[PDB]
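Report on one structure; see the data block that follows.
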2 protein chains.
Amino acid sequence: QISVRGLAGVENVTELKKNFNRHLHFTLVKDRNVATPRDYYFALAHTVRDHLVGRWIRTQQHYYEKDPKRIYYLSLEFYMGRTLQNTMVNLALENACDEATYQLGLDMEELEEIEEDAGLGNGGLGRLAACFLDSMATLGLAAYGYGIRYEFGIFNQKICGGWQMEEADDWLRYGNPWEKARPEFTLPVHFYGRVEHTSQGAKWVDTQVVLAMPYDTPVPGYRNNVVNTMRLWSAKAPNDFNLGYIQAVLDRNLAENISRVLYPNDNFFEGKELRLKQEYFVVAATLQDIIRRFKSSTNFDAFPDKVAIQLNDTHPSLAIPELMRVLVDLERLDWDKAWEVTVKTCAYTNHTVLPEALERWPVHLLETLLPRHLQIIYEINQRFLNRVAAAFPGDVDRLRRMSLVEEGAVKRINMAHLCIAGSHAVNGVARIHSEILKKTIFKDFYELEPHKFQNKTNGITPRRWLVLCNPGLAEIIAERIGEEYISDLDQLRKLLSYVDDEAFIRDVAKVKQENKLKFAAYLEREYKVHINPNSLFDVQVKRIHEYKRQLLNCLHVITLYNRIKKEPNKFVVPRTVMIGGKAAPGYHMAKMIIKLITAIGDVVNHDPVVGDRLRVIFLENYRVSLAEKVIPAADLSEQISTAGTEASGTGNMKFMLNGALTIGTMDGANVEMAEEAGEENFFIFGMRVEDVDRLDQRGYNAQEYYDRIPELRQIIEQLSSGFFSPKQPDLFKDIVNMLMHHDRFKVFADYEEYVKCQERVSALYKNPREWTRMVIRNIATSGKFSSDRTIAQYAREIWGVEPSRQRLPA
Amino acid sequence: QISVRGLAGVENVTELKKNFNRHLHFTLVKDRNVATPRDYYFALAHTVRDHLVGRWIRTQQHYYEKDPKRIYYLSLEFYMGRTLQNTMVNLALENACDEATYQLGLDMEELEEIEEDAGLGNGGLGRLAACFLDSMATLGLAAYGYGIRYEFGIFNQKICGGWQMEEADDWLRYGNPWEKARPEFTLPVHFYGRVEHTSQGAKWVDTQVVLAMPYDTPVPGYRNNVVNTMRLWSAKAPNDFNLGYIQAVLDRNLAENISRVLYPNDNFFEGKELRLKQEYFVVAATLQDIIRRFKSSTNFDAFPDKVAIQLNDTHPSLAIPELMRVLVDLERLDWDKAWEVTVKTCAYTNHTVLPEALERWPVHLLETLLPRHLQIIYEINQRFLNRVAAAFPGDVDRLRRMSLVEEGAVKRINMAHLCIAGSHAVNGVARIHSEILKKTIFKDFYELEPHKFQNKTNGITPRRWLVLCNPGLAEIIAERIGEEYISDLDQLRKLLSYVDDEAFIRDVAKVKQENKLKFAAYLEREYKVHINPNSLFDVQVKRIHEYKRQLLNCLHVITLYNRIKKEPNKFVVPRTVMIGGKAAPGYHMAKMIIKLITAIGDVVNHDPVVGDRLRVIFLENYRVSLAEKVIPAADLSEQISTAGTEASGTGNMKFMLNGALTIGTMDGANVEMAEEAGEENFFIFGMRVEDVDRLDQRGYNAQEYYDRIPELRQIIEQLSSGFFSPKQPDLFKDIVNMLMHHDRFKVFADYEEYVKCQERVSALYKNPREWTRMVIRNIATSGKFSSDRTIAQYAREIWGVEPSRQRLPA
Ligand SMILES: OC[C@H]1O[C@@H](c2cc(O)c(Cl)cc2O)[C@H](O)[C@@H](O)[C@@H]1O
Ligand SMILES: OC[C@H]1O[C@@H](c2cc(O)c(Cl)cc2O)[C@H](O)[C@@H](O)[C@@H]1O
């Protein structure tokens, strides 16, 4: 149908059809009379998978022969989403499969909806890893993603009576056609035990053993015939485990619980033992696999020339002392040489400055679980602090500030400090974030080793986040400037010469309207809710957190409602306000915010005087597959975190690429986005980081704002009195109390500027032509935020490898 | 190479080779450079599996269109063994695959050894179910095997210091290519809860739900293109199970433990709750599936015309009250009508008379776990005892004897009594066993309903137990009489006209010698033990139990050793005595018997004076795949259970079919075997059932035998003093004490006759020609013991269906 979706040749369509029928018969053991729609999905998936394997085998063969430097990306999260469409896009198979399935009497889009999301991440950090894998394959790097194959991913969110309910994400229930179990590469991982010192070094003995079994998933590059590997470990008990008899067999579950479930916290540290076991499990298995592959190329001098290990946050920080353990205890290298290799091999990416998100493990936990690693950590600390002492003699407070060991009630290890000490590069994820790191939390470290600190602004893959989810927009762009931009997003700048082109303006606007109509229909079909497709689609989708300030959005929504009630017969630009996202199960305040949103909807959506001028919808079960639907449909993107709290954001970039305008604070990547597009083409409001600092020094008093803003006072009084909860008048007392007395994120301080800025948004929306022209100026300058750019910078500036756009033979 | 293994046509071999290469590439994602031998096995398995699916789909389609009466065989055990070779044999693919793999540079037998046994059974009962499935498919019956997909089958047995060690049988580790998950047919099973009585009957409420997910395995008939289904249920937690968050997800294991492990007891009742849950789980899921299939053909009058349910022992006895529950509570049939349907549908096979093996469940367990079923059981009992009271007025002791409810310390339900009451047919498994049932334990029931009681003598499949495991013998037989006997074993009688044929005599003897040489080499290659291939192979392989009297064998072995030590330079027929089998983990005495066997070996095998004249080997990890190796190699089959204890035996039939002579008591099927071959061609010794009864009435005193048999006295003195355990002199005190004071199985009483009979065996072995002639007379009369005969009798006399040897189209 559309050009960017590839060729549907006679030979190709015929071959796809026969292979579809072969899989239905031989693989699924079905015929057309008994086949379910799910059987049809699987037949398609296996057919597409067949096209991957040839390239997969030849890619890994190519790496064996050429022996390039290998990049190992270690993460506890890979938020992959669905694989079928992505695979078709990257292999240029989409139109051919669409035609083939149509001729078989099937609708491909319907089959695509059957695939479960691979939900092995929480949000931004997990999705970044997924975008990064796509870009590394597209840029021809010999890269491997290593993680855990969780049996249960992020929970499915149900809303019951306005409250979030969690249910297990049993994503493997029907099987996963994309993964290949590799039980032959099973590796042992050790826990507990004790340390013995001999004549020939230390020995870690009396350990409990858990097996790590790898499952490999292919990662196709964009039309370059490269297929890299994501290797995910699964926990298995050894066969003599606990070996009355029946109980011993049932107790195997204990060991296998390591890979059972993803911790559902985003930007929050929960110091539970099972989480620590997960972190060591991934690191121990991965490092053995790395070293095995290195030896099959004795002399570890060349190790950093052939291996790069990227630590995604501090979660795999144990890679540093584990590498030291292997090099010193097992390979018998001297400490100083081992340390040189480790530092040159490892690099660390920081993703947050929130104190509650920083990993600080109790010494007593590491003592029992990983006694040898604790010893190595102490030795690293001693040697590091000796360097600090020599550099800044007599500065005793610096020594205590920089220590890997934090003293106090319980002694803890600061994992971020470990990562900096043992890595040759430390990077933040947006320019403002990387500056904050050097100025505040890692200032001491920056002073000691300034060369270590870098910036790598985040990006998103234009394959999933434009071509896949928004083919209509990708097509009208390709009509003007060709197809090269899909792997070279800077080419979108060429669209600036079309900002006054009336044909293009109409097309951009048409694509958005189509996206909005399709999404409006989806809301009725799957959730029975009626919305006006001509209204402004005002959307905030992201994890529910206090710092992300969904509450500030709520205040604006109520302001709009109160203004309509005050002057009903006055014209207002109609809005559909959509908010979605999951709350961590134990995060009470975030759960209360969800309830508030639904409660506001309950009042607003049923007020006759409001009509179809204002609607508030909570988007249930926000996840990658839902993002692919709602983002192309959005008009306004809400990126309203308190300045200095959102390290980067990536949702922001997705909205920019898909034709939404942004209302946002000067936080994270918003700063660089506004810089690229021009501040006049962005809706910037609120405190800058410097203004937040000034308020903190003076002392933040929310009462001041309540006293001086009558509209804000009305809302707080409505919340307190039970306007949005008539049967439970005091339901939102915790929210009001927090807002009034202990708001770390200064919601009130940005309220006036936010509401004023929102008025400017509504004004522009009244003029469709000038709204669309500003949209074009955004899309056209979004090129910097391709993860291809991000990965190219990592490759050149951290890993020491050159990216390549050259094809491998088909 | 050999005729019975089928044709290796040019077209077939070429096609197999290309499909092998396709699976290696596309299915396994490997090439010839990285492929492991296990990859080669899987490529072969997938290639052979492809040939099954066409026939599988068309068989199940045929059943849908023709709507025949369906046979449901319910068992907690299916001891299937390996599937690859069996599939090739039944599809006539063995020579073609052998040729194809040879041309690819691979040895097929080596690949066959890679397959794990499907060890989902304990011994005789589990293996009978497997033989039965083969025969039902071969006889063209619309039959379904229903059971549990245990994650862990029978434990692997390791011998350490002469002691049995158990390790988990992780048989699914590498995947199972034969099964097909059918998550679309997932069914809920209910546990616990309580009963509510309404206006419209009883209701079972507040239950805990476990999901039952089916996995289907194909069962090919012998060259008739029929492929039936074995459906095995796997336990799954529902997604809202327990739905802090992490613990709730980890607790899903509790529900899923139902299908985790096979209880490793054979012929022994362990009244554990998890076992009861397994028994209900299989029954509840199966019956819903049965009824679903029946409704898709309202009126349950025709139910018994379209459905037969065979209960394999009492393990699935809950099918009776579960069918009543469904019919009465859910379908709203009146009691009397529901009961008529149930009785006409169900039939029960008894497999034991041992009191310790009979299932007697505590009322308090059923009360908590299955409250509605207990109520139904009481009502069944009340109505049944009313019939007994009317038939035998005033006989109050009969009422208490026949009750389904046993009074005492703890009230129990006798599951065997339930089965008789609720089945239209009750059968034993050998003529003597079925007579014992009518005369002793079920005498009261036989008097009330004589028509109910039948015999169905057990059998074994001649596919696995001759063609597959002994191709050399199958071939020399086919040369003389053709190939028809493989599905018509009575044709072996034609071999009687060859008993004086010198060519045939030499061939039979040659095949045995070849089998013995191959097995002697196996013992060195995989277990580093040296044996003399010219010695008599004296083998007892079966589960270790007191009733099977491995101890009587031990006494004979020591007698032979003591006789050699007394007269070293006297000639004795050389023997290799092989004993193998697993002991239940909690069965202390059986574990002590294994230790005794190894201890005897330790002394005997290292005595220089003995030389290669006597060897004692314990066959480690006895299982189906090992049976296929050792049985064709045997000269003498030990079937020496105390008369009246072995219900049938099936190992006995396997040895008879494969050219071993039998030393045995007149117990189980031994009686019918001796009858078929002629008593002169069998080595029969010891007490008959009547002699055991006379001894019990008088009182068994073992001291009498000790006092009057000096050779027996010497052995007991050797055991007591520590001759076979010099470092632990009292190691075997428990064994001596049991033998002397509390031997339920009268080992001493048969010792003299056993030793005397063994002398006659040695005498015959000295004359190879007359030994072989007797062998021919055994093989020739083994036809009755084909499971095709057994199943034909079940079909005609119990199920009311006609078997068919007619092909379905290829
Ligand atoms: O860098 C990817 C994303 O990581 C997010 C992020 C950082 C973390 O440290 C953890 Cl544990 C989870 C997470 O989603 C940041 O909040 C977001 O600003 C950033 O865009
Ligand atoms: O009928 C099959 C076999 O079942 C055996 C047998 C009977 C049982 O009741 C149980 Cl629980 C397990 C078992 O293996 C009998 O001991 C044997 O004599 C018979 O040949």
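As shown in the structure tokens, the chain order sets the letters A, B, ...; within each chain, residues go from 1, and ligands are also counted from 1 in the order they appear.
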
Throw together the list of residues within 10 Å of ligand 2, counting only C-alpha atoms and all ligand atoms, and drop it here as a tab-separated table (two decimals) with N, CA and C atoms, in the first residue's frame.
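File pocket36.tsv, as written:
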```tsv
chain	number	residue	atom	x	y	z
B	76	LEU	N	-2.36	-42.18	36.55
B	76	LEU	CA	-1.42	-41.24	37.15
B	76	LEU	C	-0.01	-41.50	36.64
B	77	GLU	N	0.14	-42.56	35.85
B	77	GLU	CA	1.45	-42.97	35.34
B	77	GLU	C	1.40	-43.42	33.89
B	121	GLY	N	6.41	-42.76	35.21
B	121	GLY	CA	5.84	-43.92	35.91
B	121	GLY	C	6.90	-44.59	36.76
B	122	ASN	N	6.46	-45.53	37.60
B	122	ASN	CA	7.34	-46.20	38.56
B	122	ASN	C	7.87	-47.55	38.10
B	123	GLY	N	7.02	-48.31	37.42
B	123	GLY	CA	7.37	-49.67	37.02
B	123	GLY	C	6.23	-50.27	36.24
B	124	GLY	N	5.76	-51.43	36.70
B	124	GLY	CA	4.78	-52.24	35.98
B	124	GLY	C	3.48	-51.56	35.59
B	125	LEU	N	2.86	-50.87	36.54
B	125	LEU	CA	1.60	-50.18	36.26
B	125	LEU	C	1.77	-49.06	35.22
B	126	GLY	N	2.84	-48.26	35.36
B	126	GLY	CA	3.11	-47.18	34.42
B	126	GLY	C	3.47	-47.69	33.03
B	127	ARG	N	4.24	-48.77	32.97
B	127	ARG	CA	4.64	-49.33	31.68
B	127	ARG	C	3.47	-50.01	30.97
B	128	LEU	N	2.56	-50.60	31.75
B	128	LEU	CA	1.36	-51.22	31.18
B	128	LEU	C	0.52	-50.20	30.43
B	129	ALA	N	0.35	-49.02	31.02
B	129	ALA	CA	-0.39	-47.94	30.39
B	129	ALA	C	0.25	-47.56	29.04
B	265	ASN	N	6.75	-44.08	44.67
B	265	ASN	CA	6.39	-45.33	45.32
B	265	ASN	C	5.71	-46.26	44.34
B	266	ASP	N	6.08	-47.52	44.38
B	266	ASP	CA	5.44	-48.49	43.50
B	266	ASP	C	4.82	-49.52	44.44
B	267	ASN	N	3.53	-49.81	44.27
B	267	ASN	CA	2.86	-50.80	45.12
B	267	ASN	C	2.84	-50.39	46.60
B	268	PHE	N	2.72	-49.09	46.88
B	268	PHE	CA	2.70	-48.59	48.26
B	268	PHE	C	1.90	-47.30	48.37
B	269	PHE	N	0.98	-47.26	49.33
B	269	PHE	CA	0.13	-46.10	49.53
B	269	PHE	C	0.74	-45.16	50.55
B	312	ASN	N	-7.31	-46.86	35.89
B	312	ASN	CA	-6.09	-47.63	36.08
B	312	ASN	C	-5.69	-47.62	37.56
B	313	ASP	N	-6.09	-48.69	38.26
B	313	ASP	CA	-6.00	-48.80	39.72
B	313	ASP	C	-6.99	-47.80	40.34
B	314	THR	N	-6.87	-47.54	41.64
B	314	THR	CA	-7.82	-46.64	42.31
B	314	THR	C	-7.38	-45.19	42.25
B	315	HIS	N	-6.21	-44.93	41.67
B	315	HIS	CA	-5.66	-43.58	41.67
B	315	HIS	C	-6.62	-42.52	41.09
B	349	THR	N	-9.78	-51.38	36.95
B	349	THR	CA	-8.78	-52.43	36.93
B	349	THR	C	-7.98	-52.40	38.22
B	350	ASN	N	-7.99	-53.53	38.93
B	350	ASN	CA	-7.21	-53.71	40.15
B	350	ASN	C	-5.87	-54.35	39.80
B	351	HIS	N	-4.80	-53.87	40.44
B	351	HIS	CA	-3.45	-54.28	40.10
B	351	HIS	C	-2.68	-54.90	41.27
B	352	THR	N	-3.33	-55.01	42.44
B	352	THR	CA	-2.64	-55.49	43.64
B	352	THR	C	-3.59	-55.99	44.73
B	353	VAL	N	-3.10	-56.93	45.53
B	353	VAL	CA	-3.82	-57.39	46.72
B	353	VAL	C	-3.03	-57.07	48.00
B	354	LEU	N	-1.86	-56.44	47.86
B	354	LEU	CA	-1.06	-56.05	49.02
B	354	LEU	C	-1.80	-54.98	49.82
B	356	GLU	N	-0.80	-52.87	52.06
B	356	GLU	CA	-0.10	-51.58	52.13
B	356	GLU	C	-0.21	-50.72	50.86
B	357	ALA	N	-0.70	-51.32	49.78
B	357	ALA	CA	-0.85	-50.61	48.50
B	357	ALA	C	-2.26	-50.05	48.28
B	358	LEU	N	-3.22	-50.52	49.07
B	358	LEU	CA	-4.62	-50.11	48.92
B	358	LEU	C	-4.83	-48.68	49.42
B	359	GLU	N	-5.51	-47.87	48.61
B	359	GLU	CA	-5.73	-46.47	48.94
B	359	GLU	C	-6.90	-46.31	49.89
B	428	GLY	N	-9.10	-58.15	37.25
B	428	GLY	CA	-7.73	-58.38	37.67
B	428	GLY	C	-6.88	-58.55	36.43
B	429	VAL	N	-5.58	-58.74	36.63
B	429	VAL	CA	-4.60	-58.59	35.54
B	429	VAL	C	-3.86	-59.88	35.18
B	430	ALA	N	-4.29	-60.99	35.79
B	430	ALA	CA	-3.85	-62.34	35.45
B	430	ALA	C	-4.85	-63.30	36.07
B	433	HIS	N	-4.71	-63.94	39.81
B	433	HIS	CA	-4.98	-62.69	40.52
B	433	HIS	C	-6.49	-62.41	40.56
B	456	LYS	N	-8.54	-59.90	32.79
B	456	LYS	CA	-7.85	-59.48	31.57
B	456	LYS	C	-6.36	-59.64	31.81
B	457	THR	N	-5.81	-60.78	31.41
B	457	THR	CA	-4.39	-61.03	31.60
B	457	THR	C	-3.58	-59.98	30.84
B	458	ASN	N	-2.57	-59.43	31.52
B	458	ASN	CA	-1.70	-58.39	30.98
B	458	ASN	C	-0.95	-58.86	29.75
B	459	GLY	N	-0.39	-57.90	29.02
B	459	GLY	CA	0.45	-58.17	27.87
B	459	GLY	C	1.47	-57.07	27.70
B	542	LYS	N	13.67	-55.29	38.18
B	542	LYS	CA	12.34	-54.89	38.65
B	542	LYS	C	12.55	-54.01	39.88
B	543	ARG	N	11.51	-53.30	40.29
B	543	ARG	CA	11.59	-52.50	41.51
B	543	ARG	C	12.00	-53.36	42.70
B	545	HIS	N	11.53	-54.68	46.09
B	545	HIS	CA	10.48	-54.87	47.10
B	545	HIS	C	10.74	-56.17	47.83
B	547	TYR	N	8.41	-58.34	48.61
B	547	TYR	CA	7.60	-59.40	47.98
B	547	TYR	C	8.22	-60.00	46.72
B	548	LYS	N	9.03	-59.21	46.02
B	548	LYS	CA	9.71	-59.66	44.80
B	548	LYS	C	10.94	-60.54	45.11
B	641	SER	N	8.70	-64.04	43.06
B	641	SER	CA	7.82	-63.50	44.09
B	641	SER	C	7.11	-64.63	44.87
B	644	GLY	N	1.08	-65.55	45.15
B	644	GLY	CA	-0.05	-64.74	45.59
B	644	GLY	C	0.21	-63.25	45.77
B	645	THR	N	1.42	-62.80	45.45
B	645	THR	CA	1.79	-61.40	45.71
B	645	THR	C	1.96	-60.55	44.45
B	646	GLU	N	2.55	-61.12	43.40
B	646	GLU	CA	2.71	-60.40	42.13
B	646	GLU	C	1.43	-60.59	41.32
B	647	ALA	N	0.63	-59.53	41.21
B	647	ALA	CA	-0.67	-59.63	40.53
B	647	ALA	C	-0.53	-60.24	39.13
B	648	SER	N	0.41	-59.73	38.35
B	648	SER	CA	0.68	-60.29	37.03
B	648	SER	C	2.17	-60.42	36.78
B	649	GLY	N	2.86	-59.28	36.83
B	649	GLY	CA	4.21	-59.16	36.28
B	649	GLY	C	4.09	-58.91	34.79
B	650	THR	N	5.01	-58.12	34.24
B	650	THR	CA	5.08	-57.91	32.78
B	650	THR	C	6.51	-58.07	32.28
B	651	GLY	N	7.47	-57.79	33.15
B	651	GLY	CA	8.88	-58.08	32.86
B	651	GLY	C	9.04	-59.53	32.44
B	652	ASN	N	8.35	-60.44	33.14
B	652	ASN	CA	8.33	-61.87	32.78
B	652	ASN	C	8.03	-62.15	31.30
B	653	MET	N	7.04	-61.45	30.76
B	653	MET	CA	6.65	-61.61	29.35
B	653	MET	C	7.72	-61.09	28.39
B	667	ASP	N	3.10	-67.78	40.29
B	667	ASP	CA	2.54	-66.51	40.74
B	667	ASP	C	2.23	-65.63	39.53
B	668	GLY	N	1.18	-64.82	39.64
B	668	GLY	CA	0.81	-63.90	38.57
B	668	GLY	C	0.73	-64.58	37.22
B	669	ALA	N	1.28	-63.92	36.20
B	669	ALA	CA	1.18	-64.44	34.84
B	669	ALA	C	2.14	-65.61	34.57
```

Output the contact residues of chain A with respect to chain B at a cut-off of 9 Å, based on only C-alpha atoms, as a ChimeraX atom specification.
/A:25-31,36,49-51,53-54,56-57,152,165-170,173-175,180-184,238-241,243-246,249-250,253,257,260-264,585-586

Could you turn the residues from that selection into a file that holds N, CA and C atoms, as a compact mmCIF listing (two decimals), in the first residue's frame?
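And here is the file that came out, result.txt:
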```
# COMPACT_ATOMS: atom_id res chain seq x y z
N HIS A 25 0.56 -26.09 9.46
CA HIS A 25 0.40 -27.53 9.38
C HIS A 25 1.43 -28.26 10.26
N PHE A 26 2.71 -28.06 9.96
CA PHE A 26 3.79 -28.80 10.62
C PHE A 26 4.19 -28.27 12.01
N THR A 27 4.19 -26.95 12.17
CA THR A 27 4.66 -26.34 13.42
C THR A 27 3.54 -26.23 14.45
N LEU A 28 2.37 -25.79 14.01
CA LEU A 28 1.26 -25.59 14.93
C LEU A 28 0.30 -26.79 15.02
N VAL A 29 0.42 -27.72 14.07
CA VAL A 29 -0.44 -28.92 13.99
C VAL A 29 -1.92 -28.53 13.94
N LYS A 30 -2.27 -27.72 12.95
CA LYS A 30 -3.63 -27.23 12.76
C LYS A 30 -3.96 -27.18 11.27
N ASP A 31 -5.25 -27.07 10.95
CA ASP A 31 -5.68 -26.70 9.60
C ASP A 31 -6.61 -25.49 9.69
N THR A 36 -7.20 -21.03 15.41
CA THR A 36 -7.63 -19.81 16.10
C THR A 36 -6.83 -18.63 15.56
N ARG A 49 10.33 -15.18 11.34
CA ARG A 49 11.51 -15.68 12.05
C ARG A 49 12.47 -16.45 11.14
N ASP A 50 11.92 -17.25 10.22
CA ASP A 50 12.75 -18.01 9.27
C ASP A 50 13.71 -17.11 8.49
N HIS A 51 13.25 -15.91 8.13
CA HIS A 51 14.07 -14.94 7.38
C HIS A 51 15.21 -14.33 8.20
N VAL A 53 17.03 -16.12 10.61
CA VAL A 53 18.05 -17.08 11.05
C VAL A 53 19.29 -17.14 10.16
N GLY A 54 19.08 -17.04 8.84
CA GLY A 54 20.19 -17.04 7.90
C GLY A 54 21.14 -15.90 8.18
N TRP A 56 21.26 -14.17 11.03
CA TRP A 56 21.75 -14.37 12.40
C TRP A 56 23.01 -15.26 12.43
N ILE A 57 22.95 -16.39 11.75
CA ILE A 57 24.10 -17.29 11.65
C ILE A 57 25.29 -16.62 10.96
N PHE A 152 7.99 -13.26 34.88
CA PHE A 152 6.95 -12.25 34.96
C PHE A 152 7.54 -10.85 34.82
N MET A 165 -5.13 -1.91 40.36
CA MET A 165 -4.93 -3.29 40.77
C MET A 165 -3.82 -3.89 39.91
N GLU A 166 -3.02 -4.77 40.50
CA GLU A 166 -1.93 -5.40 39.77
C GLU A 166 -2.28 -6.85 39.48
N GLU A 167 -1.94 -7.30 38.28
CA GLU A 167 -2.00 -8.72 37.99
C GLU A 167 -0.75 -9.18 37.26
N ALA A 168 -0.36 -10.43 37.53
CA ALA A 168 0.85 -11.02 36.98
C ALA A 168 0.85 -10.98 35.46
N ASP A 169 1.98 -10.54 34.91
CA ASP A 169 2.21 -10.52 33.47
C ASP A 169 2.81 -11.86 33.06
N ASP A 170 1.93 -12.84 32.82
CA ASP A 170 2.33 -14.19 32.44
C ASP A 170 2.62 -14.24 30.94
N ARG A 173 3.11 -17.52 28.70
CA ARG A 173 2.00 -18.49 28.74
C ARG A 173 1.84 -19.30 27.45
N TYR A 174 1.79 -18.61 26.32
CA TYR A 174 1.58 -19.24 25.02
C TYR A 174 2.89 -19.58 24.30
N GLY A 175 4.01 -19.28 24.94
CA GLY A 175 5.32 -19.48 24.34
C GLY A 175 5.84 -18.23 23.67
N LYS A 180 15.61 -18.45 21.59
CA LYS A 180 16.19 -19.78 21.42
C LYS A 180 16.95 -20.14 22.69
N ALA A 181 16.46 -21.17 23.39
CA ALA A 181 17.15 -21.70 24.56
C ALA A 181 18.50 -22.27 24.15
N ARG A 182 19.53 -21.97 24.93
CA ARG A 182 20.87 -22.49 24.68
C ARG A 182 21.41 -23.23 25.91
N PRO A 183 20.75 -24.35 26.30
CA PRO A 183 21.12 -25.07 27.54
C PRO A 183 22.56 -25.58 27.56
N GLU A 184 23.18 -25.66 26.39
CA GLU A 184 24.58 -26.08 26.26
C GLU A 184 25.57 -25.03 26.79
N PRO A 238 20.55 -26.93 40.37
CA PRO A 238 21.30 -28.13 39.97
C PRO A 238 20.53 -29.41 40.35
N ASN A 239 20.82 -30.53 39.68
CA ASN A 239 20.01 -31.75 39.85
C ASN A 239 20.17 -32.49 41.18
N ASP A 240 21.28 -32.24 41.86
CA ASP A 240 21.50 -32.77 43.21
C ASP A 240 21.10 -31.76 44.30
N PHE A 241 20.36 -30.72 43.91
CA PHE A 241 19.90 -29.66 44.83
C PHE A 241 19.10 -30.25 45.99
N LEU A 243 19.69 -32.63 47.50
CA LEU A 243 19.85 -34.09 47.40
C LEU A 243 21.32 -34.49 47.44
N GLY A 244 11.74 -34.90 53.18
CA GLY A 244 12.40 -35.98 52.44
C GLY A 244 12.49 -35.68 50.95
N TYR A 245 12.39 -36.74 50.14
CA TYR A 245 12.60 -36.63 48.69
C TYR A 245 11.69 -35.61 48.01
N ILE A 246 10.38 -35.69 48.28
CA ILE A 246 9.39 -34.82 47.63
C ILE A 246 9.66 -33.34 47.94
N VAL A 249 12.69 -31.88 46.05
CA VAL A 249 12.36 -31.55 44.67
C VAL A 249 11.56 -30.24 44.61
N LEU A 250 10.58 -30.09 45.50
CA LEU A 250 9.75 -28.88 45.53
C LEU A 250 10.55 -27.63 45.92
N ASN A 253 12.36 -24.70 43.56
CA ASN A 253 11.73 -23.40 43.33
C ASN A 253 12.48 -22.23 43.96
N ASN A 257 13.56 -18.96 41.79
CA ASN A 257 12.92 -17.67 42.07
C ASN A 257 13.74 -16.45 41.68
N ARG A 260 12.38 -15.05 38.55
CA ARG A 260 10.92 -15.17 38.48
C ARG A 260 10.22 -13.87 38.11
N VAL A 261 10.62 -12.77 38.73
CA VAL A 261 9.85 -11.52 38.61
C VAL A 261 10.73 -10.26 38.60
N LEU A 262 10.36 -9.33 37.71
CA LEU A 262 10.94 -8.00 37.65
C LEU A 262 10.44 -7.17 38.83
N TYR A 263 11.36 -6.58 39.58
CA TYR A 263 10.99 -5.59 40.58
C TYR A 263 10.35 -4.39 39.88
N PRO A 264 9.11 -4.05 40.28
CA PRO A 264 8.26 -3.09 39.58
C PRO A 264 8.46 -1.64 40.02
N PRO A 585 3.71 -0.75 43.16
CA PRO A 585 2.72 -1.32 44.07
C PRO A 585 2.77 -0.79 45.51
N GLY A 586 3.96 -0.49 46.03
CA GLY A 586 4.10 0.00 47.40
C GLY A 586 4.18 1.51 47.56
```

Would you return as a ChimeraX atom specification the members of segment 533-746 of chain A that DSSP assigns to helix (DSSP H, G or I) on this structure's backbone?
/A:550-566,588-604,624-633,651-657,670-677,679-681,689-698,702-708,710-721,733-741

Which residue out of A:631, A:370, A:96, A:130 has the minimum interatomic distance to ligand 1 when only C-alpha atoms and all ligand atoms are used?
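Looking only at the distances to ligand 1, the closest residue turns out to be A:130.
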
From A:778, A:86, A:670, A:229, residue lying nearest ligand 1 [only C-alpha atoms and all ligand atoms]
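Closest to ligand 1, using only C-alpha atoms and all ligand atoms: A:670.
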
Find the residues around segment 699-704 of chain B up to 7 Å (only C-alpha atoms counted), leave out those fewer than 5 positions away in its own chain, and share them as a ChimeraX atom specification.
/B:740-741,748
